[PDB]
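Commentary on secondary and tertiary structure
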Amino acid sequence: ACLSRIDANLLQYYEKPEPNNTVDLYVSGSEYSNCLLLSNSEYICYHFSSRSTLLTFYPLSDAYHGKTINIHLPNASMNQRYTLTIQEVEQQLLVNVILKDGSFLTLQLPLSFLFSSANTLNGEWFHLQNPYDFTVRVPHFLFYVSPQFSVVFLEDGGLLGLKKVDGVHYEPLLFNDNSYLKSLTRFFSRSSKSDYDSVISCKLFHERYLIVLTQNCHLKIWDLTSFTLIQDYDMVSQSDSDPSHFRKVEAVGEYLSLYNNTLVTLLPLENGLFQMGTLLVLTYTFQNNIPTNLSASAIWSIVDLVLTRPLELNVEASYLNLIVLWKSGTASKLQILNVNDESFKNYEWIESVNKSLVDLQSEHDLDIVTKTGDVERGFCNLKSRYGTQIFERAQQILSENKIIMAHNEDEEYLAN
Amino acid sequence: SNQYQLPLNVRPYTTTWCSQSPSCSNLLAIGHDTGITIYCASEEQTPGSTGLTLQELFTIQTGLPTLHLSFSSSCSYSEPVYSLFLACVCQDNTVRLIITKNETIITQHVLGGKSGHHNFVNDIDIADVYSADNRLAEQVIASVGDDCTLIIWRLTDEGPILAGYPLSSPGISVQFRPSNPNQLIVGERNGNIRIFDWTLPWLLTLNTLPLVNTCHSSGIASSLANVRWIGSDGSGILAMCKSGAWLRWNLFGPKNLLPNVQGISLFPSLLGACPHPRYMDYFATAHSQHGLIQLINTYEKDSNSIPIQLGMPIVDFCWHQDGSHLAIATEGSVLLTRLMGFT
């Protein structure tokens with residue numbers, strides 16, 4: 001383990017577990033969250049709520065004094081954050097969201113407004129729109145390509161194009177699709193709820209090529225100049241073709257990321273295969289399958305992966321680095337795959353500590369410093385340790401469950 | 001229960017029986033804001049409910065507060081005249097030994113300033129050490145404070161010998177080992193527990209912090225309240241946290257790998273545990289703020305016994321040597337209460 005965990009609760013120093021400056025915008029976050037870097041060198045954070053009805057923004061480097069903005073949505077998005085995009089166009093956060101009813105919502109949030117004091121917003125910061133009939137063919141994945149262009153992926157397997165003409169209106173530019181004709185075979189139906197080989201991951205290469213990963217782990221490659229299927233690789237027929245079980249991916253997730261012209265793909269074989277080839281001209285060319293090192297049955301799920309330039313690790317022999325984030329319940333696992341050379345055959349897995357020192361010390365009773373004694377002493381201890389957001393959320397959960405402090409010295413309470 | 005009032009302007013800080021010396025075990029001292037008061041406990045006819053009453057004998061004036069108090073084995077009675085030796089701590093942050101004939105202080109030794117503790121003194125204890133010939137060779141006082149120091153103060157035939165020892169944290173209690181004055185125990189605020197041979201590194205250090213059973217989390221701050229030896233050979237060690245968590249270790253046979261037993265008082269114990277002089281497995285602990293006292297049995301015979309509940313805060317308490325009576329100083333009084341079961 002070459003890395004350690006440093007936990008940061010951006011409100012820890014302050015008594016109020018919420019910023020005084022919070023603004024609620026309304027249109028006529030504990031399920032997804034991410035950061036995005038902007039023109040001004042500042043990081044903006046965003047959260048999409050459990051229901052996918054609330055979007056929240058706040059500045060990484062000024063969470064307490066800066067403004068957090070809650071944007072309320074009329075209904076949930078069709079398929080969670082997977083039907084949502086956020087990109088900085090020109091001094092604005094452009095946010096598009098296909099909603100459940102079929103609407104295509106556009107949000108325009110000026111950069112200024114995100115770092116201003118204002119609790120008001122002027123002008124058309126949102127546009128509703130119905131470009132296609134999503135009642136019949138339900139979409140599930142929205143992918144940004146450009147300020148005017150971005151594609152839609154459908155549950156049945158089809159791609160839709162979406163071209164912006166003026167500043168607001170969008171129109172379907174359909175792609176040629178003859179994949180459906182496998183319906184002719186006795187092994188597939190159009191009407192079947194199975195059989196769909198929908199896209200589960202997608203990346204844009206050199207502005208023009210659109211690399212898609214399907215539920216059956218096919219890598220298809222679309223040329224946006226042609227709007228034509230250029231490539232179709234079966235990722236699985238390379239390694240040991242197990243007739244027993246290849247788990248066709250049953251949800252959209254982060255199963256590939258590219259750096260320059262390299263491309264790693266996550267294939268499920270005991271949840272353990274990182275294929276990585278190279279792109280070049282368009283041609284994808286295999287190099288090696290790198291398994292994972294995971295035990296206790298292998299019950300970790302990919303959260304996010306990011307292929308990137310090498311780090312400063314204890315091994316100078318490095319060419320590329322894949323950062324990998326697994327999850328199993330609320331427990332997480334961070335690993336770095338180091339590839340040594342341009343052959344993807346020599347590599348090394350680097351693990352990290354997945355609990356902070358403070359937490360480990362508390363769990364393992366290795367804390368010698370924290371003052372002992374009084375019941376209220378323990379109160380100060382825990383309050384100071386955890387921060388007000390958590391401490392008050394915990395005191396909220398207590399009273400709901402009818403657990404109430406008997407007296408000053410209720411040790412049975414503190415235990416809880 | 002029988003209740004005996006302290007003088008109207010007397011605020012008690014500490015209460016201790018003279019169990020350390022059989023000649024004087026019916027003597028009770030109360031340290032207060034102007035000195036140390038001595039009472040005598042006698043078997044009246046009474047009803048044999050509480051067949052024990054308290055008679056106030058006298059008051060030793062010192063002119064300043066007394067926070068901790070310990071009789072020595074040197075105490076004696078004569079006809080009548082009481083010859084007393086008391087170790088205590090005063091408002092000037094000094095540690096003192098006062099030798100009296102009744103209320104009159106005939107002799108006084110004071111250890112303070114820079115030569116003394118350099119912060120607040122948290123605890124004191126005293127034992128008499130005799131030579132091979134068996135004259136009084138030394139009287140030894142041990143004390144611990146917030147200056148991260150343990151002080152051993154020996155008063156010998158050729159005069160005083162002073163020694164200081166550094167601590168990793170403030171000293172919160174200290175007590176010589178029963179039947180073996182060569183050994184003693186020192187408690188640090190941080191949970192460290194030292195066994196020490198002062199005649200001589202120091203022999204052993206246990207710690208209650210990492211041992212907390214955590215079936216019920218004892219909390220973030222579980223500052224060590226008290227550690228005391230138990231048994232008449234000092235065969236055991238008992239430690240109690242402010243949180244009420246307690247632990248017991250024995251010292252004999254074979255090899256050892258954990259504390260022998262562990263538990264938790266119903267309430268916090270600001271003053272710590274007061275082990276029974278006759279029943280090792282038993283000790284008393286107070287919820288000093290609401291004025292309740294729980295009685296705990298180490299081998300779980302107890303099942304939450306709370307023989308004492310006052311409607312008032314408890315300042316201090318201690319067992320009479322007989323093991324059935326309890327003396328308790330509250331903010332304005334001292335009670336003698338007899339638990340019928342221990343008779």
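Criteria and thresholds
- Residues numbered from 1 in each chain as written, not as in the entry; some residues may be left out.
- Chains lettered and ligands numbered in written order.
- Part of a larger assembly, values for the part shown.
- Heavy atoms only, no water.
- Helix = DSSP H or I, 4+ residues; strand = E, 2+ residues; numbered from the N terminus.
- Buried < 20%, exposed > 50% of the residue type's maximum accessible area, 1.4 Å probe, protein only.
- Areas by Shrake-Rupley, 256 points an atom, 1.4 Å probe, with all protein chains shown as cover.
- Salt bridge = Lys/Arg side-chain N within 4 Å of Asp/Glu carboxyl O.
- Contact = heavy atoms within 4.5 Å.
- Buried area = accessible area lost by both parts, 1.4 Å probe.
- Polar contact = N/O pair within 3.5 Å; in protein donor to acceptor, adjacent residues only side chain to side chain.

Method-wise, the PDB entry is recorded as coming from cryo-EM, at a reported resolution of 37.0 Å.

What follows is about the overall build of chain A. The number of helices and strands found in chain A is five helices and 27 strands. C-alpha atoms of chain A, sized along the principal axes, occupy 75 × 55 × 45 Å. Within chain A, the proportion of its 416 residues that are buried is 43%. Approximately 22400 Å² of chain A is accessible, and the part contributed by carbon and sulfur atoms is 49%.

This part takes up the pattern of salt bridges. Residue and element names in this part refer to chain A. Under the definition given, this model contains 13 salt bridges over all chains. With its nearest N and O atoms 2.8 Å apart, the salt bridge here joins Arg137 to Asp156. Of this pair, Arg137 sits in the loop between β10 (126-127) and β11 (139-144) while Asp156 is found in the loop between β12 (149-154) and β13 (159-164), placing the two residues 19 residues apart along the sequence. Judged by relative accessible area, which is 29%, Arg137 ranks as partly exposed. Judged by its relative accessible area of 30%, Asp156 is partly exposed. For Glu171, the salt bridge identified is with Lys163, shortest N-O distance 3.2 Å.

With that settled, the discussion passes to the interface of chain A and chain B. In this complex, chain A contributes 21 residues to the contact, which on the side of chain B involves 26 residues. In total, about 1700 Å² of surface goes out of reach between chain A and chain B, with carbon and sulfur atoms giving 56% of it. The three residues of chain A that bury the most area against chain B are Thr372(A), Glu409(A) and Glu411(A), which together make up 38% of that side's buried surface. Here chain A and chain B share zero salt bridges between them. Our enumeration of links across chain A and chain B arrives at 12 residue pairs in polar contact. Of all the elements in the fold, those that place two or more residues in the side of chain A that touches chain B are α3 (375-386) and α5 (411-415) of chain A. By residue number, the principal contributor to the side of chain A that touches chain B is α3(A), which donates eight residues.

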